[PDB]
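Participant: Just passing along the structure, written as structure tokens.
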Amino acid sequence: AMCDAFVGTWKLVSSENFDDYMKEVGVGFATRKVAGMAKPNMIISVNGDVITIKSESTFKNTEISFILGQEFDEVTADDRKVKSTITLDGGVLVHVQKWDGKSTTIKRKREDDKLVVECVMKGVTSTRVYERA
Ligand SMILES: O=C(O)c1c(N2CCCCC2)nc2ccc(Cl)cc2c1-c1ccccc1
């Protein structure tokens, strides 16, 4: 599959504006401070139509498994109970989370040897760059 580009184990190497993104999402002070320190690994695997994305860190471990285009329940690292849908749009994994009348969009894409994750809440964008572990 094309989703091959994404499979593997990735380590966070840089972050920009994540604190600001988390504020916009509504994450509280203490969670933001601890989550912001974390250097998670992101583990992406595919088994048939099922994609699994795991985040492993000192703060929280999370795991989502899904089929493209099929809405699912997700409890996020900051304990939001959200409705998520993930699609593959021109090679970019696009993940939309809906909760309490709010929405955020997280895009995962390959750029050179990096996996670039861009998170947007209203106007506030954060960029998280990962390299292969
Ligand atoms: O890395 C994450 O999976 C990730 C995340 N994802 C990934 C990119 C940011 C937006 C969606 N969104 C978050 C939203 C709010 C909070 Cl408190 C944490 C996260 C974390 C996260 C950060 C550090 C350790 C563990 C999990």
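-1 is the number of the first residue of the sequence shown in the deposited numbering; add one for each residue after it.
Backbone N, C-alpha and C define an ideal beta-carbon position, used for all residues, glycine too.
1. Count Cβ pairs between the stretch 62 to 71 and the stretch 16 to 34 that sit closer than 8 Å; are there 3 or more?
2. Shorter than 6 Å, the distance from the beta carbon of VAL25 to the closest heavy atom of ligand 1, or not?
3. Where do the ends of the alpha helix (DSSP H) carrying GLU69 lie?
4. Pop quiz: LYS112 and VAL90 are said to be a contact at Cβ under 8 Å. What is the actual Cβ separation, rounded to whole angstroms?
5. When you compare only the Cα positions, how much space is there between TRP97 and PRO38?
6. Kindly indicate which residue of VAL44, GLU72 and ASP77 has the alpha-carbon position closest to the one of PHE57.
7. Measuring CA to CA, which of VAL122, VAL92 and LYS79 is closest to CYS1?
8. Is residue 132 helix, strand or coil when you go by DSSP?
9. Need the endpoints of the beta strand (DSSP E) that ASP87 sits in, please.
10. How far does the beta strand (DSSP E) with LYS9 in it reach, from first residue to last?
11. Have a look at the DSSP bridge pairing and note the partners of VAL122.
12. Bridge partners of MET40, per DSSP?
Facilitator: This is what the structure holds:
1. no
2. yes
3. No alpha helix (DSSP H) holds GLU69; DSSP gives it neither H nor E.
4. Between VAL90 and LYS112 the Cβ distance is about 14 Å, and since that is not below 8 Å, they are no contact.
5. 24 Å
6. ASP77
7. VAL92
8. Only positions -1 to 131 of the chain appear in the structure, and residue 132 is not among them; the question remains open.
9. 79 to 87
10. 6 to 14
11. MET119
12. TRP8 and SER53
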